[PDB]
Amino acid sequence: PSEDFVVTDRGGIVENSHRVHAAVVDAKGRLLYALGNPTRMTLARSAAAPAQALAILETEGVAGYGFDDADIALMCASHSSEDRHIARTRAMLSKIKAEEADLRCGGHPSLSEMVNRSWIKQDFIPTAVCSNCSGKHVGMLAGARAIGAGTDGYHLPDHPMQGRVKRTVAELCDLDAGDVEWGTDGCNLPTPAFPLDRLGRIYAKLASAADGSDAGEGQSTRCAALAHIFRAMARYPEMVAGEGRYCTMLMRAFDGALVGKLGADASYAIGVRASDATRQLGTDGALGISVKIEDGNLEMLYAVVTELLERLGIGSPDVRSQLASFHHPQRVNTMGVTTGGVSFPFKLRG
């Protein structure tokens, strides 16, 4: 495994360096390109949300609630707690006849500094309905209600809804139950850990299912649900994160060519639909990308993800230039002087 770093400098002098791991996999999960240790055991955190959305959508009876594509995107989200995410959360609660008091997630400072500053000015204390995970929680309420399971402990590991989540994660990873480890996330759900390349496998299967759907293929019910999830994220990326957020600007820039998702502590995953770019990389199908910054730095994650799309030729220069402020973050001091930059001395191995 290579010593792959992203490095920041001040006047050419090394400031910080961050170890990068990355996996690029085809639709079956075969490893195509790598940085660092592409199989590093990694907490997927909220980059697992589409698999959790799959578990929700595959639960008997959930279809009768009439969740729409923006609802599903919110199930996939780490949203910024904008008023529009709160509103959709309440509208999802109304659809399943539940109440904010039924949520088992808690409030937290918004993932958007601008939202949080507006909260601070107004003395606003976030509650359960503000959780960046509030959409997947409503979905898990919905699933528990759907099969009659009882709603108080829908978040606990021994509840049938978390059993479905756990089975669904392992099946998407093509792992045995024993090879996925579990802790607890900030929103109080079980959260999985598995080799980094398998996170890319999940998103390659999202993008693969989307390709099979627009191609009129016989699809399994699971493939069709994955296709729907892809479609929902790509259509409502503002629900997946929010205004000014990397995930939203990425997906907006690519206009349905890919879906992408943040994991807390600096994981990222992308599913890329089949394209001239994927074919040039040497695969006849969809593509998956997963990334982990070893030390957890988000600013460096987004810089590295954007540099990696460039290395991979994914997008056009014009399309990627929408992400320019993430690719080379601003390094400007309190008097407007540029003090340094970011570098990418890493080499993608194939």
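Numbers for residues come from their place in the sequence shown, where the first is 1.
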Averaging the C-alpha temperature factors as deposited, the higher value of 265 to 273 versus 94 to 102 falls on 94 to 102
331 to 339 versus 15 to 23 - which carries the larger mean C-alpha B factor in the record:
331 to 339
From the list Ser213, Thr184, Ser81, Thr248, select the residue with the highest C-alpha B factor recorded in the entry.
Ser213
Entry record, C-alpha B-factors for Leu189, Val169, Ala193, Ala224; the maximum is at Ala224
For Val319, does the deposited CA B-factor place it in the lowest, middle or highest third of the chain?
highest
Lowest, middle or highest third: where is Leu57 by Cα B-factor in its chain?
middle
Report the third (lowest, middle or highest) to which the CA temperature factor of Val259 belongs, ranking only the modelled residues of the same chain.
lowest
Among the modelled residues of its chain, does the C-alpha B-factor of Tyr33 lie in the lowest, middle or highest third?
middle
Determine, from the deposited record, the chain-internal third of the Cα B-factor for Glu307: lowest, middle or highest.
lowest
